[PDB]
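Worksheet: the structure to be examined is printed underneath.
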Amino acid sequence: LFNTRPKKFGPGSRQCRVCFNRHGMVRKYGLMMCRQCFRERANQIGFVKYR
Amino acid sequence: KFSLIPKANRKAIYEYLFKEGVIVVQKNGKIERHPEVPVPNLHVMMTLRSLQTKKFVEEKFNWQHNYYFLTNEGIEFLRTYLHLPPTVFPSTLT
Amino acid sequence: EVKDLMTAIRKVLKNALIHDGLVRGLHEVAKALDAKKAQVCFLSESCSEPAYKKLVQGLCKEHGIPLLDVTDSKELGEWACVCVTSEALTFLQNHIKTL
Amino acid sequence: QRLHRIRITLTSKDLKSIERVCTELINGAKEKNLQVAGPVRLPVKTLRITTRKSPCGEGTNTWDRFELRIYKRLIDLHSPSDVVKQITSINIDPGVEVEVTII
Amino acid sequence: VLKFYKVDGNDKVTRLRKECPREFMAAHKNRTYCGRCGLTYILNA
C-alpha cells in the first residue's frame, strides 16, 4: 500500500550494523560490516594482519 | 506498524518496564516489533522518544539498539500510572 | 463527616481504570448498551433534548440496567454520559437492585 | 558401565590456550590411567579478508591482509562417559570452545 | 449524533438502517455497507 517494495535481495536489502551503510559491505563468513567500520575494529574481533 | 499506539498497548510497554526495569529498542523503523513484547517496533520507539524528553528514563545509544535504564524518579511515574503497590520493585532486590 | 455521602461513585471510577472498563461518548455508551457489557449507567439531572434524555432512559428500558441522577452536566465525568463495564460499591449495590 | 569410545574436539584462536588444555587433560586422564592416544593436530584453517586501507579512493591503492587462525585438535580416549565429566568440568579455559563426543 | 432515527415516546424507540453485523449501515443506493466491520461488506437490494 505504501512504504515497502520487495526488499529481499541486492544492496538495498542490507546495511552495516555499526554505521548503517550499504557500500563496501564485507559479507565473508557473515560479518555484515561496512569496510570503513570493519578495519578499525578488526583487532578487537580477532583478525591480526601479518605478511 | 503505523498510527498512534493504543492506550492498552501503551501500558504493554510500561508494564514490561515496570517488572524488569530494562527495555532496549532497535533503531530501525521498519524492523519487526522488538523481541519480547508483542507490539509494533515504531510504537516502542515513539513511546520512549516521548518518555526520555520528560526525563524519568535514562537513554543510552550505541549500535542502533538504544539501551535504556530506569531511574528513581522514573519508578515513581509508572507506579502512579500503573497503580502498582509502592516499593513494589526495588532494583537492589535480586 | 460520619461516614461518606456518595463516594461510591468517585472511589470506583478511580480504581476501575486499573482494569480499564469505563466508557464515554454517546456512540460508545449506546454501543455499551447495545451489548452484553454495561452494568451501571448515568445521565445529567438536566442535559437537553427530550429525546436525548428519553433515549438514555428508553435504551435502558429494553435490556435493563438503570440510571440515577448525579449533579451538574460539566461535573459528571470528573469523578473519573457514563457507562461501567465490595468496599466502595456497598452504598450503591443495595440501592440499585433492592429498595 | 560399558566399553565406550570418546574423541574430544578442541578449537580456539590462540595456540597457547590449547597447549595448556592438551598438557592438562592428558595428565588428568593419567590420574585414572585411561587408554589415551596423543592429541591429533588437524590442518590449520586460516581465514582471510583483504580490504583497502583508505576510506576513499585517493592515493595509491593499498591493502590490508588480515588473518584469523583456527586450531582443531583431538584428544582420543576409550572410557565411559561418567568418568570423563570430572576431567572436563574442572580446568575450563577463557575463550576456548570445547565439545565432548562419544564416537 | 445517533439521534437520526424515528424517535417515539412511551416507551419504545424504533431504529433505522438495519444492520448485518460481522463477528449502523450507510445507504446511498442499492448496497448496504457497515463502517466498523474490518472486512468491508456488500449486499445489494
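Residue numbers (the authors' numbering), protein chains in the order written: chain d, 4 to 54; chain K, 7 to 100; chain M, 20 to 99, 118 to 122, 128 to 141; chain U, 129 to 231; chain f, 102 to 124, 131 to 152. Note that beta-carbon positions come from the ideal geometry of N, C-alpha and C, so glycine has one too.
Check whether chain f comes within 7 Å of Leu45/M, counting only Cβ atoms and requiring the distance to be less than that. For the purposes of this step, residue 45/M is identified with residue 26 of the third sequence, where counting begins at 1. Residue-level contact check: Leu45/M touches chain f, since one or more beta carbons of chain f fall below 7 Å from its beta carbon.
Closer than 7 Å by C-beta to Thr139/U: which residues in its own chain qualify, once you throw out the five before and the five after it? Chain order, please. Counted from its first residue, the fourth sequence places residue 139/U at position 11. Within the same chain, Cβ atoms closer than 7 Å to the Cβ of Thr139/U are found at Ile198, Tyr199, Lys200, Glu225, the five residues on either side in sequence being excluded.
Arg42/d beta carbon near the ligand NAD (any heavy atom closer than 6 Å): No copy of the ligand NAD appears in this structure; indeed no ligand is present at all.
DSSP three-state assignment for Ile146/U, whether helix, strand or coil: What you label residue 146/U is simply residue 18 of the fourth sequence in a count that begins at 1. Of the three classes helix, strand and coil, the one that applies to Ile146/U here is helix, per DSSP.
Which residue or residues does DSSP assign as beta-bridge partners of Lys107/f? The sequence position of residue 107/f within the fifth sequence is 6, counting from 1. DSSP, once it has assigned bridges, lists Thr115/f as partnering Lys107/f.
Taking CB distances under 7 Å as the criterion, tell me whether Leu170/U reaches chain d. Position 42 of the fourth sequence, counting from 1, holds the residue named residue 170/U. False, the Cβ-Cβ gap to chain d never drops below 7 Å.
Measure the Cβ-Cβ separation of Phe24/K and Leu84/K and say whether it is below 7 Å. Looking up residue 24/K in the second sequence gives position 18. Looking up residue 84/K in the second sequence gives position 78. It is a contact, given that the beta carbons lie within the stated cut-off.
Locate the beta strand (DSSP E) running through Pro167/U, then write down its first and last residues. Translated into positions along the fourth sequence, residue 167/U becomes position 39. Per DSSP, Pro167/U is one residue of the beta strand (DSSP E) stretching across 165-169.
Give the DSSP-derived three-state secondary structure of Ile215/U in the structure shown. On the fourth sequence, residue 215/U is found 87 positions in, with the first residue counted as 1. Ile215/U: helix per DSSP, three-state reduction.
What did DSSP end up calling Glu42/K once you bin it into helix, strand or coil? One-based indexing of the second sequence puts residue 42/K at position 36. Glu42/K falls in the coil class under three-state DSSP.
Taking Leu170/U and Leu143/U to be in contact with their CB atoms under 8 Å, please state how far apart those CB atoms are, rounded to whole angstroms. Looking up residue 170/U in the fourth sequence gives position 42. Looking up residue 143/U in the fourth sequence gives position 15. In this structure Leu170/U does not touch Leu143/U by the C-beta definition: roughly 14 Å separates them, more than the 8 Å allowed.
What residues of chain d sit near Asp192/U, judged by a beta carbon separation below 7 Å? Position 64 of the fourth sequence, counting from 1, holds the residue named residue 192/U. By Cβ distance, chain d contributes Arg42, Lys52.
Would you decide whether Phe75/K is buried or exposed? Buried here means 16 or more other CB atoms lie within 10 Å of its CB. What you label residue 75/K is simply residue 69 of the second sequence in a count that begins at 1. Looking at its Cβ environment, which holds fewer than 16 other Cβ atoms inside 10 Å, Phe75/K is exposed.
So with Cβ pairs under 7 Å, would you call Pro183/U a contact of chain d? Position 55 of the fourth sequence holds residue 183/U. Chain d has a Cβ within less than 7 Å of the Cβ of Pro183/U.
Within 7 Å, strictly: CB atoms of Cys120/M and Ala57/M: Counting from 1 along the third sequence, the entry for residue 120/M is found at position 83. Counting from 1 along the third sequence, the entry for residue 57/M is found at position 38. Taking 7 Å as the Cβ cut-off, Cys120/M and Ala57/M qualify as a contacting pair.
Identity of the residue in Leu48/K, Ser97/K, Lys33/K nearest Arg16/K by Cα: The count along the second sequence starts at 1 and reaches residue 16/K at position 10. Ranking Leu48/K, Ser97/K, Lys33/K by Cα distance to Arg16/K puts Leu48/K first.
What would DSSP say about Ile230/U, mapped onto helix, strand or coil? Here the question's residue 230/U lines up with position 102 in the fourth sequence. In the displayed model, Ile230/U falls within a strand according to three-state DSSP.
Name the residues in the region 9-40 of chain d whose C-beta lies less than 7 Å from a C-beta of chain U; which are they? Of all residues in the region 9-40 of chain d, only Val29, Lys31, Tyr32, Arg38, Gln39 place a beta-carbon less than 7 Å from a beta-carbon of chain U.
Rounded C-beta distance between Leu117/f and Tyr106/f? I'm assuming under 8 Å. Residue 117/f sits at position 16 when you count from the first residue of the fifth sequence. Residue 106/f sits at position 5 when you count from the first residue of the fifth sequence. Contact holds; Cβ gap of about 5 Å.
Check this for me: beta carbons of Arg39/K and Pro46/K, under 7 Å apart or not? Looking up residue 39/K in the second sequence gives position 33. Looking up residue 46/K in the second sequence gives position 40. Cβ atoms of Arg39/K and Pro46/K: closer than 7 Å.
Through-space distance from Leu196/U to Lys31/d, alpha-carbon basis: Stepping through the first sequence from its first residue, residue 31/d is reached at position 28. Stepping through the fourth sequence from its first residue, residue 196/U is reached at position 68. In this structure, the straight-line span from the alpha carbon of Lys31/d to that of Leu196/U is close to 13 Å.
Could you spell out the range, first to last residue, of the beta strand (DSSP E) harbouring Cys19/d? The residue you call residue 19/d lines up with position 16 of the first sequence. Here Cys19/d belongs to no beta strand (DSSP E), and DSSP marks it neither H nor E.
Reduced DSSP secondary structure (H/G/I, E/B, other) of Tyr71/M: Residue 71/M sits at position 52 when you count from the first residue of the third sequence. Here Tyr71/M sits in helix by DSSP.
Using only alpha-carbon positions, find the residue among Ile146/U, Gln163/U, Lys158/U that is nearest to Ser207/U. Reading the fourth sequence from its first residue, position 79 is the one you call residue 207/U. Here the closest residue by C-alpha is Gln163/U.
Tell me, which residues are paired with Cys141/f by DSSP? The count along the fifth sequence starts at 1 and reaches residue 141/f at position 34. Note: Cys141/f sits in a beta bridge opposite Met132/f.
Rounded straight-line distance, which links the Cα of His89/K to that of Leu95/M: Translated into positions along the third sequence, residue 95/M becomes position 76. Translated into positions along the second sequence, residue 89/K becomes position 83. C-alpha separation (whole angstroms): 23 Å.
Quick one: does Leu103/f have its CB under 7 Å from some CB of chain M? Within the fifth sequence, numbered from 1, the residue matching residue 103/f stands at position 2. Chain M, which has a Cβ nearer than 7 Å to the Cβ of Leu103/f, makes this yes.
For chain f, check one thing: does any of its Cβ atoms lie closer than 7 Å to the Cβ of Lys50/M? Numbered from its first residue, the third sequence carries residue 50/M at position 31. At least 7 Å separates the CB of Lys50/M from every CB of chain f.
Nearest neighbour of residue 5/K, chosen from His26/d, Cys22/d, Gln39/d [CA to CA]: Residue 5/K falls outside the range modelled here, since chain K spans only 7 to 100, and no answer is possible.
Could you give the distance in angstroms between the alpha-carbon of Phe131/f and the alpha-carbon of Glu82/K? On the fifth sequence, position 24 is the one that residue 131/f refers to. On the second sequence, position 76 is the one that residue 82/K refers to. For the pair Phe131/f and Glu82/K, the Cα-to-Cα distance works out to about 44 Å.
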